[PDB]
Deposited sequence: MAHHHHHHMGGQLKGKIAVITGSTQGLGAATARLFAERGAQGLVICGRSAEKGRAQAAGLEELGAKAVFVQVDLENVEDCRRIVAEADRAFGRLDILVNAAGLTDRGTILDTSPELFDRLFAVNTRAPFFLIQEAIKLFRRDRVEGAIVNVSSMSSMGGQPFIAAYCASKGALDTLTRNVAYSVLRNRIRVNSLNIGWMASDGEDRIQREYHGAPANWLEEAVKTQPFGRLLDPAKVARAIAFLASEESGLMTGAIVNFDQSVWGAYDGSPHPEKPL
């Protein structure tokens, strides 16, 4: 019942968190889902799975580094369903590198998928929300690393900090539109365990649904850790 009648785009949805999210959305009555990713086969398999749960599903084969592919995703929601209600930016790359050895190519892929793709998916979703007078809801999946984070993922952490800033900027800009933009800042996914995507999906659904009311611009930490809290202040064992 919770997402009855709703049309959603969810990225990173051929597997992992995006697929878990799409499955939950269908289980909760989503009318139409646009899913996307690189693998045609996994995409086709997920779409048929979503249909058996009750959602019309469209799969879009994409490379999120390509801004035109980003635009096509949202175009496909309009093509198939004529409207959009929800965008969930759940795709992400987690390529590693330190400040010393990260290549420009690696830096650029991280920003392209983790920051630029959300930017242009958000751009397109808000154009549909405005056209059809929809109180849209956007959920960005960011990271616990977004404040500063770990030396082995320098560029990755920066790409997520950019996303948090963007979440707040966009939320502010569309306040009077009643378009809501919130972030869920997650730990590492599958005591201490890797996070369960099915439970993460539940938090996303909250933020994507009427249950979170007017909430917008929130940065919601989701992890068994707490920014600025510790037993002793963290520091490296060795010089870099």
Checklist entry - Numbering the deposited sequence from 1, which residue ranges have no coordinates here? => result 1 to 10, 201 to 227
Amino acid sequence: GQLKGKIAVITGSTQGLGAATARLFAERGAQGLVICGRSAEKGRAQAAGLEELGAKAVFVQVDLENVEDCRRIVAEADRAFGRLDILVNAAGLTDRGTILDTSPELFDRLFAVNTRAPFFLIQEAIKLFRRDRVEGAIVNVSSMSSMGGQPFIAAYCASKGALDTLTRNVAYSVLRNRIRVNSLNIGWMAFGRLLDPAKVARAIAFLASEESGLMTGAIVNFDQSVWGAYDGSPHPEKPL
From here on, numbers count along this sequence of modelled residues.
Checklist entry - Looking at the deposited entry, does 208 to 216 or 34 to 42 carry the larger mean Cα B-factor? => result 34 to 42
Next on the checklist: Using only C-alpha atoms and the B-factors in the entry, which stretch averages higher, 77 to 85 or 110 to 118?
Outcome noted: 77 to 85
Item to check | Peak C-alpha temperature factor (PDB record), options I179, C70, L194, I186 | outcome: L194
Item to check | Candidate set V60, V174, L64, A203 [ranked by C-alpha B-factor, highest] | outcome: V60
Checklist entry - Of the three thirds of its chain by CA temperature factor, lowest, middle or highest, which one includes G228? => result lowest
Checklist entry - Compared with the other modelled residues in the chain, in which third is the CA B-factor of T11? => result middle
